Structure formats: C-alpha cells, structure tokens
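What follows is a single structure, written as structure tokens, with notes after it.
Counting neighbours? That spans all protein chains shown, and the Cβs are built from the backbone with ideal geometry, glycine included. Throughout, read-outs are computed from the coordinates displayed, never taken from laboratory work.
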Amino acid sequence: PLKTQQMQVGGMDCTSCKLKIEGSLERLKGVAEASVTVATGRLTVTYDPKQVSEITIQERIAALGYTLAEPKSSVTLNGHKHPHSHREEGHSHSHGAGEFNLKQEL
C-alpha cells in the first residue's frame, strides 16, 4: 500500500550502520519499513509519501556525514492540444455600363 524503492549509498559501515539507517528510520516519519543491499552500496526503503518520504532518509543519512541518491524518475504530462482551425473568404461582385447615343439630323 506504501511504495518500496531503493537508493545509492555513500558509505554505511556494514553490520554497525545498515542498522543505524534502518532502525533509525523506524523512529522517523511516513516510512514503515526499510532494508539494506550490502556489498553494492544500496538501500531499500518502504514509505508513504502523504507526509514525508525523501527527507526521512536525508535526516538519517546527512546526520551521519554520508550520501544518498533516490532515482525517482517521476515524470508525468498528458498535456495534449488536438488539431483545430476555421475560415471563410467568399468575396464577389460585378459591374458594367454603356450608353452610346448620337444624333444631329441637319
């Protein structure tokens, strides 16, 4: 029901620190679960974004002097326009004249 997602990690001293992330996020906010991916510098977190999410991990990781990066990719758009237009231009008219009279007689 809450989302699960994984970050890049700038250190975490293994046995002594994977825990100081996980069981310190347990004291934080909006999150409910987390779990490390050791030997490759990665961490899972499982959170609800309806209050606080990224900051929860940033609180803990910055308050140890280490780095984090979540690959959030969160693009959305659907901002379509559709084709359209109009006109009208049917101009016209006509004209003509001539009255060639002549007389004199004598």
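Here are some notes:
- Surface/4 estimate of mean projected area, convex hull on alpha-carbon atoms of the range 65-106, nm²: 8.9
- Note on the chain: semi-axes of the ellipsoid equivalent to its C-alpha gyration tensor, largest first and rounded to whole Å, are 83, 14, 11.
- When shorter helices are ignored and each DSSP H run of at least 4 residues is given -39500 (n - 2.57), the per-residue value for the chain at 222 nm works out to -4500 deg cm²/dmol.
- For GluC sites (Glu not before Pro), the sites in the range 7-106 that DSSP calls loop and that have at most 16 other Cβ atoms within 10 Å are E26, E88, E89, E99, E105.
- Linear extension gain, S74 paired with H93, 0.36 nm per residue minus alpha-carbon span: 0.7 nm
- For the range 39-49, putting each phi into the Karplus relation 6.51 cos²θ - 1.76 cosθ + 1.60 with θ = phi - 60° gives couplings of 6, 8, x, 10, 9, 8, 10, 10, 9, 9, x Hz, in residue order, rounded to whole numbers and with x for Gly and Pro.
- Segment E26-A62, extension gain: residue separation times 0.36 nm, minus the distance between their alpha carbons: 11.3 nm
- Maximal additional length on extending the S35-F100 stretch stands at 12.6 nm, based on 0.36 nm per residue less the C-alpha distance.
- Close amide H contacts of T37 (hydrogens built in the peptide plane, cut-off under 5 Å, sequence separation of 5 or more or a different chain): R42, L43, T44.
- Note on the chain: GNM, Cα springs under 10 Å; of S16, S92, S35, the largest mean-square fluctuation is that of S92.
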